[PDB]
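As provided, data-v4.pdb (PDB, C-alpha atoms) reads as follows.
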```
ATOM      1  CA  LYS A   1      80.373  99.335  90.246
ATOM      2  CA  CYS A   2      80.418  97.687  93.674
ATOM      3  CA  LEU A   3      82.272 100.724  95.021
ATOM      4  CA  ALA A   4      80.005 103.198  93.232
ATOM      5  CA  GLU A   5      76.876 101.577  94.663
ATOM      6  CA  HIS A   6      78.326 100.787  98.091
ATOM      7  CA  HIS A   7      79.683 104.331  98.374
ATOM      8  CA  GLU A   8      76.578 106.000  96.942
ATOM      9  CA  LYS A   9      74.446 104.145  99.489
ATOM     10  CA  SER A  10      76.906 104.657 102.345
ATOM     11  CA  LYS A  11      76.995 108.401 101.684
ATOM     12  CA  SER A  12      73.317 108.864 100.828
ATOM     13  CA  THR A  13      71.255 108.900 104.023
ATOM     14  CA  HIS A  14      72.391 107.275 107.269
ATOM     15  CA  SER A  15      72.972 103.789 105.859
ATOM     16  CA  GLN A  16      76.544 102.590 105.338
ATOM     17  CA  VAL A  17      76.478  98.872 106.138
ATOM     18  CA  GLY A  18      78.701  96.332 104.412
ATOM     19  CA  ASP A  19      77.699  92.683 104.725
ATOM     20  CA  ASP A  20      75.422  91.444 101.941
ATOM     21  CA  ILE A  21      77.393  93.308  99.276
ATOM     22  CA  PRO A  22      79.889  92.292  96.559
ATOM     23  CA  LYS A  23      83.130  92.621  98.523
ATOM     24  CA  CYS A  24      85.658  94.126  96.112
ATOM     25  CA  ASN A  25      89.224  94.941  97.158
ATOM     26  CA  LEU A  26      90.039  98.569  96.355
ATOM     27  CA  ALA A  27      93.378  97.225  95.127
ATOM     28  CA  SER A  28      91.794  96.285  91.799
ATOM     29  CA  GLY A  29      88.207  97.391  92.335
ATOM     30  CA  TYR A  30      86.797  93.971  91.482
ATOM     31  CA  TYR A  31      84.553  91.741  93.591
ATOM     32  CA  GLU A  32      86.679  88.734  92.639
ATOM     33  CA  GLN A  33      89.521  89.571  95.023
ATOM     34  CA  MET A  34      88.090  89.107  98.518
ATOM     35  CA  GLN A  35      84.665  88.171  99.880
ATOM     36  CA  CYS A  36      84.073  88.907 103.565
ATOM     37  CA  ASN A  37      80.690  88.587 105.275
ATOM     38  CA  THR A  38      79.172  89.183 108.711
ATOM     39  CA  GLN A  39      78.778  85.439 109.251
ATOM     40  CA  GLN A  40      81.042  84.061 106.524
ATOM     41  CA  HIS A  41      84.419  85.087 105.103
ATOM     42  CA  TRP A  42      86.213  83.736 102.033
ATOM     43  CA  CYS A  43      88.561  84.863  99.261
ATOM     44  CA  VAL A  44      88.512  84.658  95.463
ATOM     45  CA  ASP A  45      90.608  85.364  92.369
ATOM     46  CA  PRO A  46      90.130  87.951  89.590
ATOM     47  CA  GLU A  47      91.097  85.343  86.995
ATOM     48  CA  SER A  48      87.646  83.746  87.078
ATOM     49  CA  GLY A  49      86.268  84.305  90.566
ATOM     50  CA  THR A  50      86.844  80.960  92.266
ATOM     51  CA  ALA A  51      87.588  80.347  95.944
ATOM     52  CA  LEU A  52      91.170  79.850  97.123
ATOM     53  CA  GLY A  53      90.814  79.011 100.804
ATOM     54  CA  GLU A  54      88.222  77.551 103.163
ATOM     55  CA  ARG A  55      85.128  79.102 104.740
ATOM     56  CA  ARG A  56      84.947  78.297 108.454
ATOM     57  CA  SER A  57      86.718  80.077 111.313
ATOM     58  CA  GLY A  58      86.428  82.741 113.995
ATOM     59  CA  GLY A  59      86.017  86.326 112.856
ATOM     60  CA  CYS A  60      86.563  87.479 109.281
ATOM     61  CA  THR A  61      89.951  89.176 108.942
ATOM     62  CA  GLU A  62      91.229  86.667 111.499
ATOM     63  CA  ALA A  63      90.814  83.643 109.228
ATOM     64  CA  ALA A  64      91.022  85.743 106.064
ATOM     65  CA  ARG A  65      94.547  86.874 106.940
ATOM     66  CA  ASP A  66      95.564  83.755 108.867
ATOM     67  CA  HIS A  67      94.658  81.586 105.876
ATOM     68  CA  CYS A  68      91.804  83.122 103.883
TER      69      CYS A  68
END
```

Taking this structure as input, can you express it in the form of structure tokens?
Amino acid sequence: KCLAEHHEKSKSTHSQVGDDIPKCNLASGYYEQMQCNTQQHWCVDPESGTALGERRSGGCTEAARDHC
């Protein structure tokens, strides 16, 4: 779903931005894996969809990888 819409929009026309969308790791294809944003950046679990780490640090991948 998230990939189908995100991809369909990214391909269709010149608009392929990813910020206010349901971040879903291609690993499983669910939006309950990771949740990165332009201003925020947090992670979740497929079990239910709850947070695992904190939400406050420089950059996204930086804190996401360093400690979610």

>> Can you translate the PyMOL selection byres ((chain A and resi 8-20) around 12) into the concrete residues it hits in this file, as number ranges by chain?
In response: A: 1-7, 21-24, 35-41, 60

> Contacts of residue 47 in chain A at 12 Å or less, counting only C-alpha atoms, minus same-chain residues fewer than 4 places along, as a VMD selection string?
Replying inline: chain A and resid 28 30 to 33 51 to 52

Determine the residue set returned by the PyMOL selection byres ((chain A and resi 56) around 9) for the present structure, and present it as a PDB file with C-alpha atoms, in the coordinates of the input.
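Saved result, part-v3.pdb, follows:
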```pdb
ATOM      1  CA  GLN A  40      81.042  84.061 106.524  1.00  0.00           C
ATOM      2  CA  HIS A  41      84.419  85.087 105.103  1.00  0.00           C
ATOM      3  CA  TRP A  42      86.213  83.736 102.033  1.00  0.00           C
ATOM      4  CA  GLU A  54      88.222  77.551 103.163  1.00  0.00           C
ATOM      5  CA  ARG A  55      85.128  79.102 104.740  1.00  0.00           C
ATOM      6  CA  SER A  57      86.718  80.077 111.313  1.00  0.00           C
ATOM      7  CA  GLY A  58      86.428  82.741 113.995  1.00  0.00           C
ATOM      8  CA  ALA A  63      90.814  83.643 109.228  1.00  0.00           C
TER       9      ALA A  63
END
```

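Between CA of residue 48 in chain A and CA of residue 62 in chain A the separation is 24.9 Å.
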
Render range 18-45 of chain A from the structure in the preceding block as a file of N, CA and C atoms, as a compact mmCIF listing (two decimals), in the first residue's frame.
```
# COMPACT_ATOMS: atom_id res chain seq x y z
N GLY A 18 9.40 12.28 -0.09
CA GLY A 18 9.06 11.38 0.99
C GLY A 18 9.31 11.99 2.35
N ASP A 19 8.26 12.52 2.96
CA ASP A 19 8.37 13.14 4.28
C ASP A 19 7.11 12.89 5.10
N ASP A 20 5.97 13.35 4.60
CA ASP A 20 4.70 13.17 5.29
C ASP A 20 4.00 11.91 4.81
N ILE A 21 4.76 10.83 4.66
CA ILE A 21 4.21 9.56 4.20
C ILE A 21 4.48 8.45 5.21
N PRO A 22 3.69 7.37 5.13
CA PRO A 22 3.83 6.22 6.03
C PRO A 22 5.10 5.42 5.76
N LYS A 23 6.20 5.85 6.37
CA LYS A 23 7.48 5.18 6.20
C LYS A 23 7.35 3.68 6.46
N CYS A 24 7.61 2.88 5.43
CA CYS A 24 7.53 1.43 5.55
C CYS A 24 8.77 0.76 4.98
N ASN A 25 9.54 0.11 5.84
CA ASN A 25 10.76 -0.57 5.42
C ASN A 25 10.45 -1.64 4.37
N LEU A 26 11.16 -1.58 3.25
CA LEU A 26 10.97 -2.53 2.17
C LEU A 26 11.21 -3.96 2.65
N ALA A 27 11.93 -4.09 3.76
CA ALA A 27 12.23 -5.40 4.33
C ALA A 27 10.96 -6.23 4.50
N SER A 28 9.92 -5.61 5.04
CA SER A 28 8.65 -6.29 5.26
C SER A 28 7.54 -5.65 4.44
N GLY A 29 7.70 -4.37 4.14
CA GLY A 29 6.70 -3.66 3.35
C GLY A 29 5.62 -3.04 4.22
N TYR A 30 5.85 -3.01 5.52
CA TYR A 30 4.89 -2.44 6.46
C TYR A 30 5.38 -1.10 7.00
N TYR A 31 4.43 -0.24 7.37
CA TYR A 31 4.77 1.07 7.90
C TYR A 31 4.91 1.02 9.42
N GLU A 32 5.14 -0.18 9.95
CA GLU A 32 5.30 -0.36 11.39
C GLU A 32 6.75 -0.68 11.74
N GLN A 33 7.62 -0.67 10.73
CA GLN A 33 9.03 -0.96 10.93
C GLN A 33 9.79 0.30 11.34
N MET A 34 9.89 1.25 10.42
CA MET A 34 10.59 2.50 10.68
C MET A 34 9.73 3.70 10.30
N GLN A 35 9.97 4.83 10.97
CA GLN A 35 9.22 6.04 10.70
C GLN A 35 10.13 7.27 10.72
N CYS A 36 10.68 7.61 9.56
CA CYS A 36 11.57 8.76 9.45
C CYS A 36 10.85 9.95 8.83
N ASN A 37 11.14 11.14 9.34
CA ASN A 37 10.52 12.36 8.84
C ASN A 37 11.57 13.44 8.56
N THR A 38 11.15 14.50 7.88
CA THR A 38 12.05 15.60 7.55
C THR A 38 12.51 16.33 8.81
N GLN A 39 11.62 16.43 9.78
CA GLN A 39 11.93 17.11 11.04
C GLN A 39 12.10 16.10 12.17
N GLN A 40 11.30 15.04 12.14
CA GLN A 40 11.36 14.01 13.17
C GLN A 40 11.94 12.71 12.60
N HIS A 41 12.13 11.73 13.47
CA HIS A 41 12.67 10.44 13.06
C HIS A 41 12.61 9.43 14.20
N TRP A 42 11.71 8.46 14.07
CA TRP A 42 11.54 7.43 15.10
C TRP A 42 11.35 6.06 14.46
N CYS A 43 11.35 5.02 15.30
CA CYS A 43 11.17 3.66 14.82
C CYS A 43 9.97 2.99 15.49
N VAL A 44 9.48 1.92 14.89
CA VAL A 44 8.34 1.19 15.43
C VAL A 44 8.48 -0.31 15.20
N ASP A 45 7.51 -1.07 15.68
CA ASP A 45 7.53 -2.52 15.54
C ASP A 45 6.28 -3.01 14.81
```
